[PDB]
Amino acid sequence: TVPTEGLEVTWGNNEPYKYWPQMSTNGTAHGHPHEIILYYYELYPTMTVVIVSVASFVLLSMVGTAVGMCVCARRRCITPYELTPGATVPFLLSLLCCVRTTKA
Amino acid sequence: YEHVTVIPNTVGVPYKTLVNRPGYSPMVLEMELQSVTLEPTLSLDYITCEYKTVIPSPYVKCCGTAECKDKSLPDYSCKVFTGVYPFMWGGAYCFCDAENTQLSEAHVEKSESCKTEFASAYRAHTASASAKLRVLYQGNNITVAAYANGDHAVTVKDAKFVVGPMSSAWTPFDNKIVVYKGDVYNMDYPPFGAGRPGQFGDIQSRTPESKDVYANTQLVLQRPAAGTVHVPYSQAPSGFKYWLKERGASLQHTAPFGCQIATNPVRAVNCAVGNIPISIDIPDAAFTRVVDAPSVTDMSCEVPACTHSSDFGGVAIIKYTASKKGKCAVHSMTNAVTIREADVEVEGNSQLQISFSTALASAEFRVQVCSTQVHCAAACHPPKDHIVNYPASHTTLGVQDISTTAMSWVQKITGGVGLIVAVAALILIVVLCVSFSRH
Ligand SMILES: *[C@@H]1O[C@H](CO)[C@@H](O)[C@H](O)[C@H]1NC(C)=O
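Residue numbers (the entry's author numbering), protein chains in the order written: chain M, 320 to 423; chain K, 1 to 439.
In C-alpha cells, the structure reads:
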C-alpha cells in the first residue's frame with residue numbers, strides 16, 4: 320500500500336523500483352448529482368470530509384438557535400398578552416398567528 | 001541585478017523562478033537538482049579484523065618440571081601438566097612414566113589479511129553539503145557545482161551563483177558508525193580496550209599497520225589427551241567474522257528519506273529534506289529592455305481538454321497578436337499550476353499551444369506572457385492510473401481546493417436564517433422597549 324510520499328522496493332541485486340501514488344479514481348465527478356464526497360474521499364481521504372461533518376453539526380447549530388429564536392418570539396409575543404383583562408387581539412393573533420391561534 | 005529565491009530540497013523536479021526587473025523584459029529561469037551530497041566528518045576511532053592464534057611447539061620434559069615465565073604479549077597464556085605419557089609413531093617419547101611434565105603456552109596476534117579486509121569504526125559527527133544544479137540560461141542547459149552551505153560562490157557565464165545553507169541540519173548518519181568494504185552501519189561499538197568476546201570489537205587495533213593491539217579471548221588451556229602429544233587450546237571464537245554473519249540491514253535501506261550512501265569517500269546523497277536558498281547575481285547583458293521585446297495584444301485562452309496528473313496532462317491553446325517576431329517568456333503566477341515551457345517565439349496574430357500540470361479538479365488560473373495576463377478556465381478529469389514511477393512534485397495542492405461547480409452548492413448552502421432570527425429578536429426587544437428602557 321503506497322503512502323502519499325512514495326515507496327521504494329529493492330529486489331535482489333537489481334536496481335530498486337520506485338512507486339509513488341497518483342490520484343486514486345475516476346469514480347468521483349462534478350455534475351448535477353453532487354458526487355463531490357467521492358472527490359474529497361479519494362483525494363485527501365478522512366480530510367476535507369470530516370470537515371463536512373463539522374460543517375454539518377455547525378449548520379445544525381445555527382438552525383437550532385433559529386428555532387430558539389422562534390420560541391423566544393413566541394413567548395415575547397404572548398407575554399404582552401399574558402392574559403390581559405381585555406383579552407382581545409382581533410388584528411394580531413387572528414392575523415399574525417404567533418402562538419395558540421386556536422384562541423383568537 | 002541580484003535575485004534571491006528558495007526551492008524545496010528535491011531532485012529531478014524542475015523549478016521555475018521568475019525574476020522581473022523594471023525597464024526590462026522579465027525572465028523566468030528553470031533550475032533542477034542533479035544531486036546533493038552530504039559529506040560527514042571522519043574521525044577514525046579504530047579498526048578490527050580476524051585474529052590468528054599462535055601456539056608454538058609445546059615444551060615436553062621427563063623426570064623434571066617446567067615453569068611459566070610471563071610474556072608481555074596480548075592475552076598470552078600458559079599452563080603445565082603432569083603425568084602425561086605421550087606416544088609417537090616409533091613408540092613412547094620417553095621412559096619417565098609419570099615424572100614427566102608438559103608446558104604449553106599461546107598468544108593471539110593480528111592477521112596479515114587485516115591489511116586487505118577489515119571493519120573500521122569512526123565517530124563522524126557533523127557534515128558538509130555539496131550539490132549539482134542545472135540551469136536554463138539564454139536557452140541552454142548549464143551545469144554548476146558548489147558547496148550547499150551558503151558560503152561557496154561560483155561564477156559561470158558572467159553570473160554569480162550562491163547556494164545554501166541547507167535549511168535542515170538533519171542527517172541520516174550518527175555520531176558513531178562502522179564501515180565494511182562498501183557498507184555502512186549505525187551501531188554503537190564498544191569502547192576501545194573493552195572488547196566483549198564474540199561481538200564486534202573483540203579485537204581492537206589502532207591502525208591496520210600498527211603492531212600494538214588489544215585482545216580479550218579467554219585463552220584457557222586444557223590437559224592434553226592421554227597417550228598423545230599435542231596442544232589443546234580453548235581459543236575464543238572470533239566475534240569479528242561472526243558479526244559479518246549477522247550484520248543486518250545496511251543504512252542505504254534504513255535511512256529515512258532514502259539518502260543513497262557511497263564510500264571512498266562516505267557520502268549521503270539524494271535525500272529530500274528542507275529547502276535551499278539560492279542567490280543569483282545576473283549581469284544586465286542578459287536583461288533586455290521592454291521596448292526590445294515585441295508587444296502582445298488580443299489575448300484569448302481555451303482548453304480543449306485537461307487531465308490533472310503527475311505529468312503535463314493539461315494542454316492550453318492561446319490566440320495572441322504581437323507587434324513583431326521575437327522571443328517572450330511565459331509563466332504562471334499561481335503555485336497550484338506549473339508550466340513545462342519557459343519561453344516561446346511570437347510572430348504576431350497567431351496562436352500557440354502550451355503543456356502544463358495541475359492538481360485542481362477545475363483549473364482556473366491566470367498566465368503571464370510579455371508582461372500581460374490571460375485567464376484560463378477548464379474542468380480536468382481524473383486519469384486512470386493510481387500510481388506512477390517517475391517523481392513529480394510540481395502539482396502540489398493544499399487544503400484549500402476548488403470545489404468547482406460544487407463551490408456554488410456550498411455558496412448556496414452558506415445561506416442561513418440567522419438574519420431573520422436576529423430581525424425577530426430586534427423586533428421583540430423594541431416592541432418591549434415601550435417598557436424596556438436601558439436594562
Ligand atoms: C535541456 O534538458 C532537456 C531535458 O530533456 C532537454 O530536452 C533539452 O534538449 C536540453 N537543452 C536545452 C533545453 O537547451
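No residue lacks a Cβ here, since even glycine has one placed at the ideal position from N, Cα and C.
1. For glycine 314(K), write down the residues that DSSP places opposite it in a beta bridge.
2. Who are the near neighbours of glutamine 199(K) in its chain, counting only those whose CB is closer than 6 Å to its CB and skipping five residues on each side?
3. To the nearest angstrom, how far is it from the Cα of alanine 423(M) to the Cα of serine 380(M)?
4. From the DSSP output, which residues share a beta bridge with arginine 134(K)?
5. For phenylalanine 161(K), report the span of its alpha helix (DSSP H) as first-last.
6. Report yes if the C-beta distance between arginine 123(K) and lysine 176(K) is below 8 Å; otherwise report no.
7. Please report the straight-line C-alpha distance between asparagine 333(M) and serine 250(K), rounded to a whole angstrom.
8. What's the C-alpha gap between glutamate 324(M) and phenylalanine 257(K)?
9. Given the structure, does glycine 139(K) come close to ligand 3, in the sense that its CB is under 7 Å from one of the ligand's heavy atoms?
10. List the whole-angstrom C-beta distance separating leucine 428(K) from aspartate 401(K), where the pair is believed to meet the contact cut-off of C-beta under 8 Å.
11. I want to know whether the region 318-329 of chain K touches the region 292-303 of chain K - three or more CB-CB distances under 8 Å.
12. Give the range of the beta strand (DSSP E) segment to which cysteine 328(K) is assigned.
13. Given a cut-off of 8 Å on the beta-carbon distance, is the pair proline 237(K) and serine 309(K) in contact?
14. Which residues, taken in chain order from the region 350-379 of chain M, show a beta carbon closer than 9 Å to some beta carbon of chain K?
15. In angstroms, rounded to a whole number, what distance separates the CA positions of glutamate 364(K) and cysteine 380(K)?
16. Taking Cβ positions, are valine 303(K) and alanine 378(K) nearer each other than 8 Å?
17. Is there a Cβ of chain M sitting closer than 8 Å to that of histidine 125(K), yes or no?
18. I think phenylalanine 95(K) touches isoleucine 47(K), with their Cβ atoms under 8 Å apart; what is that distance to the nearest whole Å?
19. Answer yes or no: the CB of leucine 136(K) versus the heavy atoms of ligand 1, is any distance below 7 Å?
20. Would you decide whether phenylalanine 376(M) is buried or exposed? Buried here means 16 or more other CB atoms lie within 10 Å of its CB.
21. Among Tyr51(K), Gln351(K), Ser72(K), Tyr15(K), which residue has its Cα nearest to the Cα of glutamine 204(K)?
22. As a quick exercise: from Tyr336(M), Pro322(M), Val328(M), pick the residue whose alpha carbon is nearest that of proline 364(M).
23. Can you find the residues in the same chain that come closer than 8 Å, C-beta to C-beta, to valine 80(K), ignoring five residues on each side of it along the sequence?
24. What are the boundary residues of the alpha helix (DSSP H) that includes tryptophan 409(K)?
25. Pair every Cβ in the region 153-162 of chain K with every Cβ in the region 178-187 of chain K, then say whether three or more of these pairs are closer than 8 Å.
26. Using CA atoms only, rank isn't needed, just tell me which of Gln368(K), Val399(K), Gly416(K), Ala92(K) is closest to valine 368(M).
27. Run down chain K in chain order and give the residues with a C-beta less than 9 Å from the C-beta of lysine 422(M).
28. Using a Cβ distance threshold of 8 Å, determine whether the region 350-359 of chain K contacts the region 332-342 of chain K, with at least three qualifying pairs required.
29. What are the residues that DSSP puts in a beta bridge with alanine 378(K)?
30. Can you pull the chain M residues whose beta carbon is under 7 Å from the beta carbon of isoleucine 387(K), in chain order?
31. How many Å lie between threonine 420(M) and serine 403(K) at the Cα?
32. Cβ of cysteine 301(K) within 8 Å of Cβ of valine 374(K)?
The answer reads as follows:
1. To locate residue 314(K), count along the second sequence from 1; it is residue 314. Looking at the DSSP assignment, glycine 314(K) forms a beta bridge with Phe356(K).
2. In the second sequence, residue 199(K) corresponds to position 199, counting from 1. The answer, listed in chain order, is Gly239.
3. Here residue 423(M) refers to the residue found at position 104 when the first sequence is read from its first residue. Here residue 380(M) refers to the residue found at position 61 when the first sequence is read from its first residue. C-alpha separation (whole angstroms): 34 Å.
4. On the second sequence, residue 134(K) is found 134 positions in, with the first residue counted as 1. Beta-bridge pairing links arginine 134(K) to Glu32(K), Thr143(K).
5. On the second sequence, position 161 is the one that residue 161(K) refers to. Here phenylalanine 161(K) belongs to no alpha helix (DSSP H); instead the beta strand (DSSP E) covers 159-163.
6. As a working mapping, residue 123(K) is identified with position 123 in the second sequence. As a working mapping, residue 176(K) is identified with position 176 in the second sequence. Taking 8 Å as the Cβ cut-off, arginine 123(K) and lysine 176(K) qualify as a contacting pair.
7. For the purposes of this step, residue 333(M) is taken as residue 14 along the first sequence, with counting starting at 1. For the purposes of this step, residue 250(K) is taken as residue 250 along the second sequence, with counting starting at 1. Each residue's Cα considered, the two are about 16 Å apart.
8. Counted from its first residue, the first sequence places residue 324(M) at position 5. Counted from its first residue, the second sequence places residue 257(K) at position 257. Roughly 10 Å separates the two Cα atoms.
9. Absence of ligand 3 is noted for the structure shown, with ligand 1 being the only ligands found.
10. Working through the second sequence from its first residue, we reach residue 428(K) at position 428. Working through the second sequence from its first residue, we reach residue 401(K) at position 401. Distance from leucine 428(K) to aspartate 401(K) at the Cβ level is roughly 42 Å; contact not present, criterion being Cβ atoms closer than 8 Å.
11. Yes: at least three Cβ pairs fall under 8 Å.
12. The sequence position of residue 328(K) within the second sequence is 328, counting from 1. Counting along the chain, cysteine 328(K) sits inside the beta strand (DSSP E) bounded by residues 326-331.
13. Here residue 237(K) refers to the residue found at position 237 of the second sequence. Here residue 309(K) refers to the residue found at position 309 of the second sequence. Cβ distance not < 8 Å, so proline 237(K) and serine 309(K) don't count as in contact.
14. Contacts with chain K (Cβ-Cβ distance below 9 Å) from the region 350-379 of chain M involve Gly350, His351, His353, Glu354, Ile355, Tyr358, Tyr359, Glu361, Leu362, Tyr363, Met366, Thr367, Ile370, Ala374, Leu378, listed in chain order.
15. Reading the second sequence from its first residue, position 364 is the one you call residue 364(K). Reading the second sequence from its first residue, position 380 is the one you call residue 380(K). Roughly 10 Å separates the two Cα atoms.
16. Walking along the second sequence from the start, residue 303(K) turns up at place 303. Walking along the second sequence from the start, residue 378(K) turns up at place 378. In this structure, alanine 378(K) lies closer than 8 Å to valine 303(K) by Cβ.
17. Taking the second sequence and counting its residues from 1, the one referred to as residue 125(K) is at position 125. It does not: the Cβ of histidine 125(K) has no partner Cβ on chain M nearer than 8 Å.
18. Here residue 95(K) is taken as the residue at index 95 of the second sequence, counted from 1. Here residue 47(K) is taken as the residue at index 47 of the second sequence, counted from 1. Incorrect: roughly 52 Å between the Cβ atoms, too far for contact.
19. Locating residue 136(K) in the second sequence gives position 136, where the first residue counts as 1. Checking every heavy atom of ligand 1 against the Cβ of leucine 136(K), one is found closer than 7 Å.
20. Locating residue 376(M) in the first sequence gives position 57, where the first residue counts as 1. Under a 10 Å Cβ-count criterion, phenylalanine 376(M) is classified as exposed, with fewer than 16 other Cβ atoms of the shown protein chains found around its own Cβ.
21. In the second sequence, counting from the first residue as 1, residue 204(K) sits at position 204. It is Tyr51(K) whose Cα lies nearest to the Cα of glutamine 204(K).
22. On the first sequence, position 45 is the one that residue 364(M) refers to. With distances taken between Cα atoms, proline 364(M) lies closest to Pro322(M).
23. What you label residue 80(K) is simply residue 80 of the second sequence in a count that begins at 1. Excluding positions up to five away in sequence, the list reads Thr65, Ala66, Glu67, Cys68, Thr101, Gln102, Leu103, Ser104.
24. Here residue 409(K) is taken as the residue at index 409 of the second sequence, counted from 1. Segment 405-413, the alpha helix (DSSP H) holding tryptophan 409(K).
25. Cβ pair count under 8 Å is below three, so no.
26. Position 49 of the first sequence, counted from the first residue, corresponds to residue 368(M). Ranking the options by Cα distance to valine 368(M), first place goes to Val399(K).
27. The residue you call residue 422(M) lines up with position 103 of the first sequence. Within chain K, no residue has its beta carbon less than 9 Å from that of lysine 422(M); the closest one is some 21 Å off.
28. Touching, per the Cβ criterion.
29. As a working note, residue 378(K) is residue 378 in the second sequence. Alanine 378(K) is bridged to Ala363(K).
30. Working through the second sequence from its first residue, we reach residue 387(K) at position 387. Neighbours of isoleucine 387(K) on chain M, chain order: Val321, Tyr338, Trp339, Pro340, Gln341.
31. Here residue 420(M) is taken as the residue at index 101 of the first sequence, counted from 1. Here residue 403(K) is taken as the residue at index 403 of the second sequence, counted from 1. Roughly 46 Å separates the two Cα atoms.
32. Indexing the second sequence from 1 puts residue 301(K) at position 301. Indexing the second sequence from 1 puts residue 374(K) at position 374. Against a cut-off of 8 Å, the Cβ pair of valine 374(K) and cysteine 301(K) comes out as a contact.
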